[PDB]
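For reference, the structure discussed in these notes is given below.
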Amino acid sequence: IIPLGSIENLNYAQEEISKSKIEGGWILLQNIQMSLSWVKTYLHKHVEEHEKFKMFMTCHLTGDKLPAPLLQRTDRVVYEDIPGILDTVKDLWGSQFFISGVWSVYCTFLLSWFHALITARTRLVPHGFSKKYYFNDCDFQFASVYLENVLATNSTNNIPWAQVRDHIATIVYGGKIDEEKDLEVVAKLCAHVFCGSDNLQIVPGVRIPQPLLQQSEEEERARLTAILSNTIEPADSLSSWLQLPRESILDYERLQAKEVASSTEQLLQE
Amino acid sequence: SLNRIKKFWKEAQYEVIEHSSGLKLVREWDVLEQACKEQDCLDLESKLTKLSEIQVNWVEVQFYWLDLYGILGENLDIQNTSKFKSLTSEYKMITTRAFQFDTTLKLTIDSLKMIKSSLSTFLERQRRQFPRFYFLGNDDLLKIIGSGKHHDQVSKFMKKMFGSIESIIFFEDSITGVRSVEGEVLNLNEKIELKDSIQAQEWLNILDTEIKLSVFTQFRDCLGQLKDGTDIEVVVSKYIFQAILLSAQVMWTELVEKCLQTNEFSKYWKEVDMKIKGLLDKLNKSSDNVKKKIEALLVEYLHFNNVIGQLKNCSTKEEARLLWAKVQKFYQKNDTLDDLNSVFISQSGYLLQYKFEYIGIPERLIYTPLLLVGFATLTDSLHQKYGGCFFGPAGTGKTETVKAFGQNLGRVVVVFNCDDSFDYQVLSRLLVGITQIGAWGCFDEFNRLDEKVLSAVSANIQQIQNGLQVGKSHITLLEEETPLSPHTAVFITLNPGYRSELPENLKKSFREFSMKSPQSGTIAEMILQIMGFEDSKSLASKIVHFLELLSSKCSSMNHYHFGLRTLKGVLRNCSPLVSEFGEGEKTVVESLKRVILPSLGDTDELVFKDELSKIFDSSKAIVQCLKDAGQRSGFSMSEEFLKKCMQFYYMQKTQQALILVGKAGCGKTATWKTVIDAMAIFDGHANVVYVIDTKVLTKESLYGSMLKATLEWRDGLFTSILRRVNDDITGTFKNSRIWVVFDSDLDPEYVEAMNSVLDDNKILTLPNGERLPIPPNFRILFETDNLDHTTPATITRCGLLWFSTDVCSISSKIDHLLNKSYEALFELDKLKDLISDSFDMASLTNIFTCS
Ligand SMILES: Nc1ncnc2c1ncn2[C@@H]1O[C@H](COP(=O)(O)OP(=O)(O)OP(=O)(O)O)[C@@H](O)[C@H]1O
Ligand SMILES: Nc1ncnc2c1ncn2[C@@H]1O[C@H](COP(=O)(O)OP(=O)(O)O)[C@@H](O)[C@H]1O
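Going down the list, the sequences are from chains A and B.
Going letter by letter, the first sequence gives residues 3813 to 3860, 3867 to 3916, 3920 to 4091 in the entry's author numbering.
Going letter by letter, the second sequence gives residues 1370 to 1406, 1425 to 1467, 1473 to 1492, 1505 to 1902, 1905 to 2024, 2031 to 2237, 2244 to 2269 in the entry's author numbering.
Take a look at the structure:
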């Protein structure tokens, strides 16, 4: 793995591809779109014969226009992942490690679930939101740092849930929102998730109890992983895990059918 | 061919075109290079290479010797021993060469390049011993070093060097203070003794260091006075505005915490109500600078009163904590003995340190909740060593919000209001300067950049943010190991889709935000409150609702603008009319009729009048003077023409950049001519009118062109008028009005150079570098036909007047032309009478409508 970017990143990429052209290797240039001018000069000068030389690209469909001749002297593949809310919760849980007691890790756990719910709602363009938003892990990092900084000041039992909820909905997760309805639905989801009641019900299946006043962090992490493994994913996850009506997902699927069938019927004319 | 080439090579000569001794120049380079371009063949190739090197010699020696004969050969403290001997050696050698050698001219290239590198690296010694020098260009900074004993050339360049200081006061060649934008003086804690043998770095460092310690000490003693119970009215006129603001904020924060540990607010609310009422009473009789001071203090105290009143109506303690944590708080450090960071600000549980940089006395943005949310998101981004961002519709308060944040935290944000005119060099220089100083560099309209400059500046800002995040002192930038103070930051503002979003690399390290709708209700309410009106809230709601319905129910014209900038202009223009019309609804109605009415059509005007009668309730000397002036000129006063003349007079009374639009034969030239004549008769000032057509004159003739080969500058007609009116040899322009008109269309290419004039800078931008001011007596006027090819930026920065229909009837035209022809010329009386009775309108209108 080797990201592009600054001049040091470009030199590292050049050295790594030189090493793989000398003796071999498997190289993935992650997010190569961010250095488009350097790509347009360097990759053109490179491609337009050592054995066991493999390297890959990483572009974005909704990004800058790649050079046409570069796309014709390679093999283009695309990949869509599963929208597994459980799977992305597991991935984000394993990406992090944990620091202030057990309230901090409980808040990070709740934040990971909130981020997964928002990212799951992102894909449904006509009902979940009003446009194609692009959330990522940097927003999660800022939210986690804000939560840690709040919990570092007032370590008492009366956690200001309203303040962190408003800061998440307006400033953290509401920065990229331009209109009002998306802000309203993000505020509603913040109220549902960050309530911090006696027993939280993010989905009708599993419930997350709050930590008590004597738990150590290791066995609390064990308990939260155990309540993570006990969850099940029902067949109606795309409408029951995100609080969406059944008629809404029916509308989404009939619009999908309408657009694919209209595309086919336009194909059959010529 | 070979004989001609040999003759041209052996016919080397020069011409005497330079000034004084100078250097004998040579011209017609293309023919010589074409003539220049196997032993004889390689000799000819070497001769062609020598000819190209001679062309390079001539170009570089012109470019160097212009500045050399300007400053280098007549000044010594810029080269202050090694530079002395190098300069005199190159001077004598190249003077001998010009008086009368391929290796000699190659060594001349080497010596000139070494001298250029030496002077540039001397400039970098200036910019490392004092990095505020790095805002300036090479020639300007050379002039700064050369004026080391005059001690008065830094006053005019002081605004460019720092950003908020206009002039320096003096006392027997010892510094006492500096002057702000609005005449406010910044006195020092102690004067500095200006020794005879000093260089700019040392006394400028003690100058800004004493500025920092001076505002520190003034804030300390103002805090002591406020803790002693001293009232604000006596301390407003005593100390500098910055110290007063910091002391007031610190006292308010400490007292509101001491009253927030319990649950009560009525005592401090009544105290601040009495304080603001007394402050307004003191405002109502003070002078101009004191009026601005009390204006800013009353803005901040209105913010304090708003925060306290919001906190009072909280139902629970947690609601109070939520609402208080989101408000920008000011704290103090009474433990650290250092005098640089005893004060810091906090917003939503974060920590940023104050800078002790003077802001002057600027206008303060009205504290609206949207501005507080913007401050919160910027301090959230700056807590994590990231950069803030802004994107949304145009004219929604982004650059002003950034400047407000810079003024609160106490640093002059260097606004890079960029367009197509700027190149890479100035942006890179100002970015590295912002890096080294620790002053925030904001970008305005980042989408306006061209593709390659946008990509490269994106790379530069990405590198500087990466260096900020990892916290390394040295970051590779502009092919140099530029140090980075850990207090610098970068800002950005966008308007996408009009181009693009942020690039992906910048999207990785930035936080987006949108402020599409400014809260105009609270801004208008508090601007009416500071303006002194009896009913601020009702008038503010009425004017905002009226403007909204006007924007909804008018024609979709490109020249219309009813956002927030126009409302701010309305409220900043009310007060001179308030001073004679009093305070009330009538004066704001008259202001609306004075600045928004003339830009409408006819159906738009009837809609405007109907709505003004709906929501709102509703000078003879100038009129009589105008009537007499027109009667002398031979015109006739129709009601529409007299009305439009009246709006034009009342519109030029305040603004100084008026444009006129209308069809052919509408009567705009007559309108401004008779208004100028009335002005000359009434005010007693002489009036002179200059007529320019901006299309038949090219840009190289309107402004002038630099010679790419002759190295000479020609003043254009507009520029020649500016120099001959600025010099004022005859002294007439002191007591006379100047009026230049632009009787042509509006070419965008011909107004991009005018953009400096149409802004409030009142300066001329030129490829040369010399700047001459625009006097308030200078009045630019326009005479156009249509607004199809004009940007919506220029229609807002300057006033617009619309001519809906013909100013006069037909018989007025017959009478005026009859009088003009008679002026060109008992028989006359009867001939005029028979001409008049032959001109029967009863049949004339019939034949005109039948023709
Ligand atoms: N009160 C009046 N009585 C008679 N003629 C008038 C009167 N006011 C204006 N005019 C006529 O207006 C003419 C000038 O009008 P206008 O301002 O449109 O001229 P212009 O500079 O040529 O305009 P444009 O360039 O837009 O065609 C004069 O020649 C004059 O005959
Ligand atoms: N307190 C305030 N809040 C919001 N906007 C304000 C405030 N005070 C003044 N303004 C207006 O906001 C405008 C700033 O617009 P700006 O963001 O610079 O637009 P653009 O970015 O398109 O140039 C100013 O012209 C000013 O009239």
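A virtual CB, placed ideally from N, CA and C, is assigned to each residue, including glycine.
Worksheet item: Taking only beta-carbon atoms, is A:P3981 less than 9 Å away from chain B?
Response: Start at 1 with the first residue of the first sequence, and residue 3981 of chain A comes out as number 160. Chain B, which has a Cβ nearer than 9 Å to the Cβ of A:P3981, makes this yes.
Item to complete: Identify, in the order they occur along the chain, each residue of the same chain with its Cβ nearer than 7 Å to the Cβ of B:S1906, setting aside the five sequence neighbours on each side.
Response: Stepping through the second sequence from its first residue, residue 1906 of chain B is reached at position 500. Once the five neighbours on either side are set aside, the close Cβ partners of B:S1906 are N1851.
Worksheet item: Can you give the Cα-Cα distance for B:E1588 and B:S1559, rounded to whole angstroms?
Response: Here residue 1588 of chain B is taken as the residue at index 184 of the second sequence, counted from 1. Here residue 1559 of chain B is taken as the residue at index 155 of the second sequence, counted from 1. Rounded to the nearest angstrom, the two C-alpha atoms are 15 Å apart.
Discussion item. With a threshold of 9 Å between beta carbons, is B:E1658 in contact with chain A?
Written reply: The residue labelled residue 1658 of chain B in the question sits at position 254 within the second sequence. With 9 Å as the cut-off, B:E1658 does not count as an interface residue toward chain A.
Worksheet item: Closest by CA to B:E2051, which one among B:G2128, B:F1505, B:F1566, B:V2219?
Response: Here residue 2051 of chain B refers to the residue found at position 639 of the second sequence. Nearest option by C-alpha distance: B:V2219.
Discussion item. Using 8 Å for Cβ pairs, my map puts A:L3932 next to A:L3968. What's the rounded Cβ distance?
Written reply: For the purposes of this step, residue 3932 of chain A is taken as the residue at position 111 of the first sequence. For the purposes of this step, residue 3968 of chain A is taken as the residue at position 147 of the first sequence. Contact flag correct, Cβ pair sits at about 6 Å.
Worksheet item: Can you round the beta-carbon distance between B:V1816 and B:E1761 to whole angstroms, since I take them to be within the 8 Å contact cut?
Response: The residue labelled residue 1816 of chain B in the question sits at position 412 within the second sequence. The residue labelled residue 1761 of chain B in the question sits at position 357 within the second sequence. Contact flag correct, Cβ pair sits at about 6 Å.
Item to complete: Evaluate contact between the stretch 2131-2150 of chain B and the stretch 2176-2196 of chain B, counting only Cβ atoms and requiring at least three cross-stretch pairs below 8 Å.
Response: yes
Worksheet entry | Residue burial classification, B:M2166 (beta-carbon count within 10 angstroms, cutoff 16) | Position 754 of the second sequence, counted from the start, is the residue given in the question as residue 2166 of chain B. That one is buried.
Worksheet item: At which residues does the beta strand (DSSP E) containing B:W2151 begin and terminate?
Response: Position 739 of the second sequence, counted from the first residue, corresponds to residue 2151 of chain B. Here the beta strand (DSSP E) through B:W2151 covers 2148-2154.
Worksheet item: Taking 9 Å as the CB-CB cut-off, is A:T3943 touching chain B?
Response: Start at 1 with the first residue of the first sequence, and residue 3943 of chain A comes out as number 122. Cβ-Cβ to chain B under 9 Å: no for A:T3943.
Worksheet item: Does ligand 2 have a heavy atom nearer than 8 Å to the CB of B:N1593?
Response: To locate residue 1593 of chain B, count along the second sequence from 1; it is residue 189. Every heavy atom of ligand 2 is 8 Å or more from the Cβ of B:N1593, so no.
Discussion item. Cutting at 7 Å between CB atoms, please list the residues of its own chain near B:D1544, excluding the five before and the five after it.
Written reply: Taking the second sequence and counting its residues from 1, one reaches residue 1544 of chain B at position 140. Counting only Cβ-Cβ distances below 7 Å, and skipping sequence neighbours, we find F1561.
Worksheet item: When the Cα atoms are used, what is the spatial distance from B:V2153 to A:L3889?
Response: By one-based count along the second sequence, residue 2153 of chain B stands at place 741. By one-based count along the first sequence, residue 3889 of chain A stands at place 71. When rounded, the distance between both Cα atoms is 58 Å.
Discussion item. Does any residue of chain A have a CB that is nearer than 9 Å to the CB of B:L1726?
Written reply: Position 322 of the second sequence holds residue 1726 of chain B. Yes, because at least one Cβ of chain A sits closer than 9 Å to the Cβ of B:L1726.
Worksheet entry | C-beta atoms of B:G1682 and B:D1635 nearer than 9 Å | Stepping through the second sequence from its first residue, residue 1682 of chain B is reached at position 278. Stepping through the second sequence from its first residue, residue 1635 of chain B is reached at position 231. Yes. Within cutoff.
Worksheet entry | Of the listed residues B:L1835, B:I1868, B:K1737, B:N1693, nearest to B:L1540 (C-alpha basis) | Translated into the one-based positions of the second sequence, residue 1540 of chain B becomes position 136. Taking only the C-alpha atoms, the option nearest B:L1540 is B:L1835.
Worksheet item: Under 9 Å between C-beta atoms, does A:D3882 make it to chain B?
Response: For the purposes of this step, residue 3882 of chain A is taken as the residue at position 64 of the first sequence. By this cut-off, A:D3882 is an interface position.
Practice prompt. List the residues of chain B that A:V3896 touches, going by C-beta distances under 9 Å, in chain order.
Written response: Along the first sequence, one-based indexing puts residue 3896 of chain A at 78. By Cβ distance, chain B contributes nothing, its closest Cβ being about 18 Å from A:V3896, past 9 Å.
Worksheet entry | Distance cut-off 8 Å: B:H1787 Cβ against heavy atoms of ligand 1 | Start at 1 with the first residue of the second sequence, and residue 1787 of chain B comes out as number 383. No; taking the cut-off as 8 Å, the Cβ of B:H1787 has no heavy atom of ligand 1 nearer than that.
Fill in: the stretch 2034-2049 of chain B in contact with the stretch 1992-2008 of chain B per 3-pair CB rule at 8 Å
no
Worksheet item: Alpha carbon to alpha carbon, what distance is there between B:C2210 and residue 2271 of chain B?
Response: The requested residue 2271 of chain B does not occur in the structure, where chain B is confined to residues 1370 to 2269.
Discussion item. Quick check on DSSP: helix, strand or coil for B:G1460?
Written reply: Residue 1460 of chain B sits at position 73 when you count from the first residue of the second sequence. Residue state, collapsed to three classes: helix.
Worksheet item: According to DSSP, what are the bridge partners of B:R2191?
Response: As a first step, residue 2191 of chain B is located in the second sequence; it is residue number 779 there, counting from the start. DSSP, once it has assigned bridges, lists B:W2151 as partnering B:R2191.
Discussion item. What does the alpha-carbon distance come out to for the pair B:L1872 and B:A1404?
Written reply: On the second sequence, position 468 is the one that residue 1872 of chain B refers to. On the second sequence, position 35 is the one that residue 1404 of chain B refers to. Answer to the nearest angstrom: the Cα atoms are 56 Å apart.
Worksheet item: Can you name the residues that DSSP bridges to B:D1848?
Response: On the second sequence, residue 1848 of chain B is found 444 positions in, with the first residue counted as 1. In DSSP, B:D1848 forms a bridge with B:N1821.
Worksheet item: Does ligand 2 have even one heavy atom less than 8 Å from the beta-carbon of B:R1971?
Response: The residue you call residue 1971 of chain B lines up with position 565 of the second sequence. B:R1971: yes, Cβ under 8 Å from ligand 2.
Practice prompt. For B:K1595, name the three-state secondary structure that DSSP assigns.
Written response: Position 191 of the second sequence holds residue 1595 of chain B. Correct three-state label for B:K1595: strand.
Fill in: Rounded Cβ spacing between B:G1814 and B:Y1758 (contact assumed at less than 8 Å)
Taking the first residue of the second sequence as 1, we reach residue 1814 of chain B at position 410. Taking the first residue of the second sequence as 1, we reach residue 1758 of chain B at position 354. So it is a contact: roughly 5 Å between Cβ atoms.
Discussion item. For A:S3976, would you say it is in contact with chain B, using Cβ-to-Cβ distances shorter than 9 Å as the test?
Written reply: Here residue 3976 of chain A refers to the residue found at position 155 when the first sequence is read from its first residue. By this cut-off, A:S3976 is not an interface position.
Discussion item. Which of the three DSSP states is assigned to B:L1769 in this structure?
Written reply: The sequence position of residue 1769 of chain B within the second sequence is 365, counting from 1. In this structure, B:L1769 counts as coil in the three-state DSSP scheme.
Discussion item. Check whether the stretch 1731-1746 of chain B and the stretch 1636-1656 of chain B are in contact - that is, three or more C-beta pairs closer than 8 Å.
Written reply: yes
Discussion item. Quick check: what's the CA-CA separation for B:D2251 versus B:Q2043?
Written reply: As a first step, residue 2251 of chain B is located in the second sequence; it is residue number 833 there, counting from the start. As a first step, residue 2043 of chain B is located in the second sequence; it is residue number 631 there, counting from the start. So the two alpha carbons sit approximately 20 Å from each other.
Item to complete: Please determine, among B:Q1449, B:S1522, B:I1712, B:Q1492, the residue with the shortest C-alpha to C-alpha distance to B:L2119.
Response: Working through the second sequence from its first residue, we reach residue 2119 of chain B at position 707. Closest option to B:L2119, Cα to Cα, is B:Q1449.
Discussion item. Looking at ligand 1, does it come within less than 8 Å of B:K2039, judged from the CB to the closest heavy atom?
Written reply: Position 627 of the second sequence holds residue 2039 of chain B. No, since every heavy atom of ligand 1 falls outside the 8 Å radius drawn around the Cβ of B:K2039.
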